[PDB]
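Undergrad: when you get a sec, could you give me coordinates for this:
(chains A, B, C, D, E and F, ligands or ions: 57)
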Amino acid sequence: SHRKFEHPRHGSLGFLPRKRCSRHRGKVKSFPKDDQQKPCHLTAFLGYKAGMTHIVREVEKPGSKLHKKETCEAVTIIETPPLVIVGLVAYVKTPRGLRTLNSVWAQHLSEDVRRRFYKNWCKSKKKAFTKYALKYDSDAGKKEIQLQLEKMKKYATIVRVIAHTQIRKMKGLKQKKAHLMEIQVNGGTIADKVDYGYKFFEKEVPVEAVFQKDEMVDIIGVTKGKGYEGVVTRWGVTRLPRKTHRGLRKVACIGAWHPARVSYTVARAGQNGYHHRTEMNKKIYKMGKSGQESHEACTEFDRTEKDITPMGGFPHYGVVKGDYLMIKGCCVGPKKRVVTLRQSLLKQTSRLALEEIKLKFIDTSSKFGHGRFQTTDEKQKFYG
Amino acid sequence: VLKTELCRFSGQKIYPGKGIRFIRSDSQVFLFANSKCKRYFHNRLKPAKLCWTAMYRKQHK
Amino acid sequence: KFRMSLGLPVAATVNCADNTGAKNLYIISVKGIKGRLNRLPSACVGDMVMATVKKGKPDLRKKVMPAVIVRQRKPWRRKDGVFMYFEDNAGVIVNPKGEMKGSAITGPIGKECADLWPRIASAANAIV
RNA sequence: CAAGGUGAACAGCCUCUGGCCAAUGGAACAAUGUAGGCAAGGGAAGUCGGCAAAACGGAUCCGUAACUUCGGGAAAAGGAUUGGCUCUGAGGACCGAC
RNA sequence: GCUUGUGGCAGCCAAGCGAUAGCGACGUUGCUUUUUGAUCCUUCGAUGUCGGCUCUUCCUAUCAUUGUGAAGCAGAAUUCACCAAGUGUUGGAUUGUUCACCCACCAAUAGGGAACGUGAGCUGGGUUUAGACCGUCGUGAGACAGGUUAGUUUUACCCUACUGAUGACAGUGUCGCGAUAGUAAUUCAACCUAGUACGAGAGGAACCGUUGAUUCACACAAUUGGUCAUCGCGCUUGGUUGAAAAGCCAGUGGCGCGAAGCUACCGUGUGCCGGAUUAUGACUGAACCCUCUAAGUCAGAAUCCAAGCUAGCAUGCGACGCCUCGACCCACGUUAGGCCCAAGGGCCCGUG
RNA sequence: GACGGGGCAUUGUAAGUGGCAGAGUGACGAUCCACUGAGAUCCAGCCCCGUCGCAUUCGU
Ligand SMILES: [K+]
Ligand SMILES: [K+]
Ligand SMILES: [K+]
Ligand SMILES: [K+]
Ligand SMILES: [K+]
Ligand SMILES: [K+]
Ligand SMILES: [K+]
Ligand SMILES: [K+]
Ligand SMILES: [K+]
Ligand SMILES: [K+]
Ligand SMILES: [K+]
Ligand SMILES: [K+]
Ligand SMILES: [K+]
Ligand SMILES: [K+]
Ligand SMILES: [Mg+2]
Ligand SMILES: [Mg+2]
Ligand SMILES: [Mg+2]
Ligand SMILES: [Mg+2]
Ligand SMILES: [Mg+2]
Ligand SMILES: [Mg+2]
Ligand SMILES: [Mg+2]
Ligand SMILES: [Mg+2]
Ligand SMILES: [Mg+2]
Ligand SMILES: [Mg+2]
Ligand SMILES: [Mg+2]
Ligand SMILES: [Mg+2]
Ligand SMILES: [Mg+2]
Ligand SMILES: [Mg+2]
Ligand SMILES: [Mg+2]
Ligand SMILES: [Mg+2]
Ligand SMILES: [Mg+2]
Ligand SMILES: [Mg+2]
Ligand SMILES: [Mg+2]
Ligand SMILES: [Mg+2]
Ligand SMILES: [Mg+2]
Ligand SMILES: [Mg+2]
Ligand SMILES: [Mg+2]
Ligand SMILES: [Mg+2]
Ligand SMILES: [Mg+2]
Ligand SMILES: [Mg+2]
Ligand SMILES: [Mg+2]
Ligand SMILES: [Mg+2]
Ligand SMILES: [Mg+2]
Ligand SMILES: [Mg+2]
Ligand SMILES: [Mg+2]
Ligand SMILES: [Mg+2]
Ligand SMILES: [Mg+2]
Ligand SMILES: [Mg+2]
Ligand SMILES: [Mg+2]
Ligand SMILES: [Mg+2]
Ligand SMILES: [Mg+2]
Ligand SMILES: [Mg+2]
Ligand SMILES: [Mg+2]
Ligand SMILES: [Mg+2]
Ligand SMILES: [Mg+2]
Ligand SMILES: [Mg+2]
Ligand SMILES: [Mg+2]
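TA: Residues are numbered from 1 along each chain as shown, chains lettered A, B, ... in the order given. Ligands and ions are numbered 1, 2, ... in the order given. Shown next is the protein structure:
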């Protein structure tokens, strides 16, 4: 018989299976559509989640009750020091889909990125790319490099840069192995893309070359793991009555007599968390550039000299010394987790997209307690 | 920044984006710095008796 | 109105802050809210509710009448990032067009209530 | 047979004499259990049903309705108080205890 | 399971009502298996018999929401019909209910199936064991399909299914592709439009735009809230170490506060672009002046397919790094057209 | 790496010494005040840096 009352189903079938992600670094599953009229540029970046704080700003939005009034907003800090370009990858079209044409690597690769090619770096002879580097010394070897680049200009339809992070700049990460990813170039002609990506070899590309203030971006990462979980927390089903024999944290009926099988749509217990997620439309509130006034947490209204890092450091992270992004709201994953930042796939012709953010105050109180001072200088002057 | 408030119970500074505001039945506004200063004043503890508050230090100095 | 924390579900009894003669209002439903299975309809400051009078004048009792919540004990966040609450839960009897049945209000009222209901805002003493 | 303290008390809780650490051990803290807790705001809307839980609780003072077989109801209901310290008064035997 | 009288739903005719806006008597044709009967085919070396709670899917005979056609459609509202099952369909009083009937909210509170879904999922209020009352019946023991009250709900470690977890498949690692499978967003309000269109008047819309909220989903912890054996600090009862200081026991002695972590619509953030079409309305246009159709076209949706998002051991694939029996033969394109009228040809020591 | 130092945080002012502070009693005496926002704890999954250490397989 039909169910007595209607309620919508718990959870989405569009994120199935709720398993552990097969990767740790978030993966771009689709780059923005290439517009060959625009200049050559990168479409993605890698960063690390430092922590959260809250800001105060005055809202300019006609028709809203918040118009000309200040609002408090939680922001996530993502430390994004510049990436190093170490290679180029070309793709050609094919009736089966895109296919890697060839790749060209730079002569100098740091040991941080070379650790990525080893399970046990310190037990090995560290021979990776040692003979490849010899093409840049002879003259027949340089001929191959130029021939590979010319093949890229003639046959490729997609050109991507091979870039890695400078993971040793963040000492609190306690990691020497860099993160490596492919980033698409989305401007100009194929010859323009190849020339643009080749001039960047062994060079640092800052976050300001990819994103700007007040832009909506997509954040890709793996959420926080939680291990084996029951249906009440994993799927959000309701608890049974207190009187329930053999426990109350289950789904009561897991299916009818027919079909004589359990369906894939019924909530079951299993892994919760550590899933790949692509979250879009996160606004950039600030770009903190190392060696500039924009790096400090002082605003035009607050002239107090303070750093972005809260008192006592970012809990479980450390001190932010490199370039960073302030982003409205929450972000996937725990602290220290590597996050992939991608340009929006759609046109951002909206008021929230086109709004101009002006910060009034940045909180730098300690997040390890009920912090009440904005700086260590203020705390010491208070106690004498 | 400049628009900062004082705690009604402990007398310490409150920065924008924080604060617990309690309205008493007689239209009195009490702003509290955090959960400790709010639980006190609801347990009816007098701030002049707690050594760490501004009022106590004012009377004892 | 912005989202506020809901503190007053159905069967909550709140103080009557006007001078009509009612002592308490017993909330039986909240207007404007479509439901979910097993979820109790819940009101906050600035919501019109259907209530009865359990204590008060005999002529006010035994009838369903509209009322607007003016004070709530459950803390709610304002956009400036401050959490606010009152010492008690209170409401005022109105008509379905939003006019106050009484003439005077005891105690303060919320700014969220005054914004929506100009006639309640006119009879209020303090608007915090 | 049956000790000391608290206390009205062979209550509960701690201790002395005497007796025991015998109940397979080690590593780790997933789901679901079992046993035991807390939880903002609301307060039975849950459920056949307040099931379960929570609230009450000792002592002292005040005060206590209908009804009644005049014996009760009655600890009805409803209020207030209670620590520590320094003292003071009263109550005895031929110096003492509460 | 068969049947479909009865139950429910849908048609044909057109006497009438107000012929076919909407209805429709007298007749007459069907469909369906959420009614009840009829039957007795399966099961009596047993398929756990009501109802509700929980949870997922499915249908359409569509209640609301999207797009339309009609009116006895001025507006507002309402009614009839079409394409449509994408998304919703609620909180309560009495009752064991199913069914019912009222209160209220709502865009709306549509109907149903899945062994009358679902008891090794629960519950056990009802039915229906043994105790015991009452009424009626019986000489009686006892009966009642009448009422009432008290009455044990067993087992999964097996196979599969489902949810997750490792993993071989001719070195090892990094970066990739993407067949295929899944899938998601939803509804309402305020303001402006506007007291405008319309209307004698009373009344009284809507598009665009803007700002919010509901239901759902996916995250997250800056703040607020919750959580304590941080046994972190403080206070405190009884005991105990000759006192004091310092502790300990009372399985967490108790109380207050309590970071961290976890966590709440009880907190915060985010949730998506193109193509093809349905219904319908049209263009051109014959058949045969006309004609949305015959050929040929257009616009078109809460629709579909993509894209995006999740997986990807698809025994699939790419790039890169590092080394212990003569098997003879390449045109595109069209058949209401390019000599052809099939390789039914041509080539080749075809011969040792 | 182990300590340690600093930052940050929680609780709420330690022990000890001293006081012509202290109801009163015949030296006792709850408590109060000063040293003293003191003392204690703080990664175990917080942040930043003087003392001491540091076997089994695989060939495309
Ligand atoms: K059912
Ligand atoms: K959640
Ligand atoms: K429940
Ligand atoms: K409703
Ligand atoms: K457990
Ligand atoms: K009840
Ligand atoms: K029939
Ligand atoms: K049988
Ligand atoms: K019994
Ligand atoms: K798809
Ligand atoms: K906490
Ligand atoms: K290889
Ligand atoms: K001391
Ligand atoms: K002190
Ligand atoms: Mg239904
Ligand atoms: Mg993709
Ligand atoms: Mg049971
Ligand atoms: Mg914190
Ligand atoms: Mg329910
Ligand atoms: Mg004896
Ligand atoms: Mg005694
Ligand atoms: Mg005893
Ligand atoms: Mg045993
Ligand atoms: Mg064991
Ligand atoms: Mg509670
Ligand atoms: Mg109450
Ligand atoms: Mg009830
Ligand atoms: Mg109910
Ligand atoms: Mg009942
Ligand atoms: Mg009980
Ligand atoms: Mg009585
Ligand atoms: Mg019939
Ligand atoms: Mg007829
Ligand atoms: Mg059998
Ligand atoms: Mg069975
Ligand atoms: Mg059986
Ligand atoms: Mg249909
Ligand atoms: Mg449907
Ligand atoms: Mg059936
Ligand atoms: Mg059944
Ligand atoms: Mg059973
Ligand atoms: Mg059952
Ligand atoms: Mg079963
Ligand atoms: Mg029974
Ligand atoms: Mg019986
Ligand atoms: Mg007889
Ligand atoms: Mg019975
Ligand atoms: Mg006119
Ligand atoms: Mg002691
Ligand atoms: Mg002992
Ligand atoms: Mg205890
Ligand atoms: Mg939420
Ligand atoms: Mg025509
Ligand atoms: Mg057509
Ligand atoms: Mg079209
Ligand atoms: Mg330290
Ligand atoms: Mg550690």
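Undergrad: who does the helix or strand harbouring residue A:162 touch, helix- and strand-wise?
TA: Following DSSP states H and E, one finds residue A:162 within strand A:158-164. Judged by 3 or more Cβ pairs under 8 Å, 6 or more residues apart in numbering or on different chains; DSSP states H and E, strand A:158-164 is in contact with strand A:83-92, strand A:180-184, helix A:190-198. For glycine as for every other residue, the C-beta is placed from the backbone atoms N, C-alpha and C.
Undergrad: next one: the closest residue to residue A:269 other than its chain neighbours from residue A:251, what distance?
TA: Excluding the flanking residues, the one nearest residue A:269 by Cβ to Cβ, 6 or more residues apart in numbering or on different chains is residue A:230, at 4.9 Å. Using Cβ to Cβ, to the nearest Å, residue A:230 is found at 10 Å from residue A:251.
Undergrad: the longest strand anywhere in chain A near RNA strand F at all?
TA: Secondary structure assigned by DSSP state E gives strand A:44-58 as the longest strand of chain A. No. Applying Cβ under 7 Å from any atom of the strand, one finds strand A:44-58 separated from RNA strand F by no less than 9.4 Å.
Undergrad: residue contacts, the spatially most central residue of chain C?
TA: Geometric centre of chain C, nearest residue: residue C:69, 1.1 Å, by Cα atoms, centre = their mean. Residues near residue C:69 by Cβ atoms under 8 Å, 6 or more residues apart in numbering or on different chains: C:8, C:14, C:43, C:44, C:45, C:46, C:47, C:49, C:89, C:90, C:91, C:113.
Undergrad: what sits against residue A:57?
TA: Neighbours of residue A:57 in contact, by Cβ under 8 Å, 6+ apart: A:70, A:71, A:73, A:357, A:358, A:359, A:360.
Undergrad: which residues does it bridge with?
TA: Beta-bridge pairing of residue A:57 under DSSP bridges involves residue A:71, residue A:359.
Undergrad: could you measure from it over to residue A:299?
TA: Counting by Cβ to Cβ, the gap from residue A:57 to residue A:299 is 9 Å.
Undergrad: and for the two, which residues touch both?
TA: The contact lists of residue A:57 and residue A:299 share A:359, A:360, where a contact means Cβ under 8 Å, 6+ apart.
Undergrad: separation between the residue lying closest to residue C:85 once chain neighbours are set aside and residue A:248?
TA: Once flanking residues are discounted, residue C:85 sits nearest to residue C:75: 4.1 Å by Cβ to Cβ, 6+ apart. According to Cβ to Cβ, residue C:75 and residue A:248 sit 30 Å apart.
Undergrad: any idea how far the residue nearest to residue C:85 is from RNA strand D?
TA: Between residue C:75 and RNA strand D the computed distance is 6 Å (Cβ to the nearest atom of the strand, to the nearest Å).
Undergrad: residue A:61 and residue C:76, how far apart?
TA: Using Cβ to Cβ, residue A:61 is found at 22 Å from residue C:76.
Undergrad: so those two - more neighbours on which side?
TA: The neighbour count for residue A:61 versus residue C:76, taken as other Cβ atoms under 10 Å in any protein chain shown, is higher for residue C:76 (19 against 14).
Undergrad: please name the bridge partners of the more buried one.
TA: So, taking DSSP bridges as the rule, residue C:76 has residue C:84 as bridge partners.
Undergrad: what sits against it?
TA: With contacts defined as Cβ under 8 Å, 6+ apart, the neighbours of residue C:76 are C:4, C:5, C:7, C:44, C:45, C:83, C:84, C:85.
Undergrad: which helix or which strand is home to the residue in chain A positioned nearest to ligand 4?
TA: Nearest residue of chain A to ligand 4 (Cβ to the ion) works out as residue A:5 at 12.2 Å. Residue A:5 belongs to no helix or strand when assigned by DSSP H and E.
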